[PDB]
Amino acid sequence: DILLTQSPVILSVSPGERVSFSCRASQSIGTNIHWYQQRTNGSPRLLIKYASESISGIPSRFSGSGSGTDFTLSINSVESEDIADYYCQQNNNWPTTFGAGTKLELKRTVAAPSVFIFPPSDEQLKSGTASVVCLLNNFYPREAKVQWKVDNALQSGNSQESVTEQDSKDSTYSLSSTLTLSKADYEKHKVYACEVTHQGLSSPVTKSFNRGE
Amino acid sequence: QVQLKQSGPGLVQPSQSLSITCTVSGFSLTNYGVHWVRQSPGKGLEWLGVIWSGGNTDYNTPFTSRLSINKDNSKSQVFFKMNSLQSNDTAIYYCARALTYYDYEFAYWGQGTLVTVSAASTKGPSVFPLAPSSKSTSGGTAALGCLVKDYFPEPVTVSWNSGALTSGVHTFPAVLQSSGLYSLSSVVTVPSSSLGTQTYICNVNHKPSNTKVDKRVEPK
Amino acid sequence: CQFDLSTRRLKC
């Protein structure tokens, strides 16, 4: 089988800049190479066929070149809609094989998160479990710290984080930190606080509530 | 136009067999072959095989003895079946169609079917509201959402107001809890002045368990 | 990197 090596694994560029993806083959495959785009939650989308040939409906800023073993997909002016992974495919030799992909991340200006905290619903409390949700919305860059404190006690190991992929319109991320505890533990305490630390904040932002008011 | 629609996602027990149906339209299975591709964490994109216009099949070498592809031209259906699945057969399976009848440049894809190989049982989620308040309203913008808790396997689909509300929606990646069940939240930011005028409903659908919940989310 | 079944995106 032909092995396809895509490099680097991650590319990070600013909007309007040009970007190139490399796809190298373990032996010569002529121009028998196809490129695909995969956006968040998508199926692959065919961008280029046979190294350089256009595909109907694909923006003209996508192009490809190369022959033999060394191939290049290019975007001459990146847009936030181009946030995705990019794959090459060879079909000079059976069976057709794909490379491992290159991730395209976009740079942008720093954006501080908006922070919101949500107490557990009375509905969930009927089940004997309490989830406390701290939302960090529309920020850049990805790095952020969420510290949970219940009645001034630092909480550790009982929260889980999830981060969206980059937004295709404004290039920001959002993050959810969910603190989970039993209904008994939740009822034995009063002050629930998440503290958020981000490069775009000039000091930590604390959102909190008292169980009740 | 050209479309490929696959059957829904779901669980298959280890050493059992997987079945996906691909229903095509905008072209005839008598004129085009239909290919099958999967995408897994361990091995990325793998071409599995193809059934051609005239009924012949090719299977990628490591799958020749557990893969069977069949079709019904009149009904526009292609049937993928794969035997004795192991955990690393967990992947998104796609059907696909090439630009020309003989080629392999895949210009049309199905939406993918996430198949989970696991010995566990299917479980629908509970849906809890993430209610807007003052601790979730700054500058005239309120945040609200739905907690989609304790389901298995992936995926679950979440939309807002039956598809009419998309702007400002963030549906977070699911995280696996220590219970082995998934949990996620879906949030949306809206004008706080609209909270007494508009209804906000998260439409949750866990197809592997046929669990469909519409959760109205209200100021507490 | 590694393909993520939840997001259909590479996780590095």
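Numbers restart at 1 for each chain; the letters A, B, ... are given by sequence-line order, proteins then strands.
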Considering only heavy atoms, which portion of [X] lies under 4.5 Å from any heavy atom of chain B: side chain, backbone, both, or neither?
X      : result
A:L47  : neither
A:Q38  : side chain
A:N41  : neither
A:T129 : side chain
A:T96  : both
A:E161 : backbone
A:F118 : side chain

For a quick test of reading the model, state the closest non-hydrogen atom pair linking A:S162 to B:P173 and the distance between them.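 Closest approach of A:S162 to B:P173: OG-O, 2.7 Å.
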Contact part of [X] toward chain A, heavy-atom cut-off under 4.5 Å: side chain, backbone, both or neither?
X      : result
B:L176 : backbone
B:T189 : side chain
B:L45  : both
B:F172 : both

With a 4.5 Å heavy-atom cut-off, do A:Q89 and B:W47 have their side chains touching?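 Sidechains of B:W47 and A:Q89: no contact.
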For the backbone of A:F116 and the side chain of B:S136, can you confirm whether one donor and one acceptor N or O come within less than 3.5 Å of each other?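 Here the side-chain-to-backbone pair does not exist.
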Once you round to the nearest 0.5 Å, how far does OG of B:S138 lie from NZ of A:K207?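 If I round to the nearest 0.5 Å, the distance is 5.5 Å.
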For B:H170 and A:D167, which I'm curious about, is there any donor-acceptor pair between the side chains at under 3.5 Å?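 No, A:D167 and B:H170 have no side-chain donor paired with an acceptor closer than 3.5 Å.
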Residue selection (most heavy-atom pairs with chain A, distance under 4.5 Å) from B:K43, B:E46, B:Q39: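 Ranked by contacts with chain A, first place is B:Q39.
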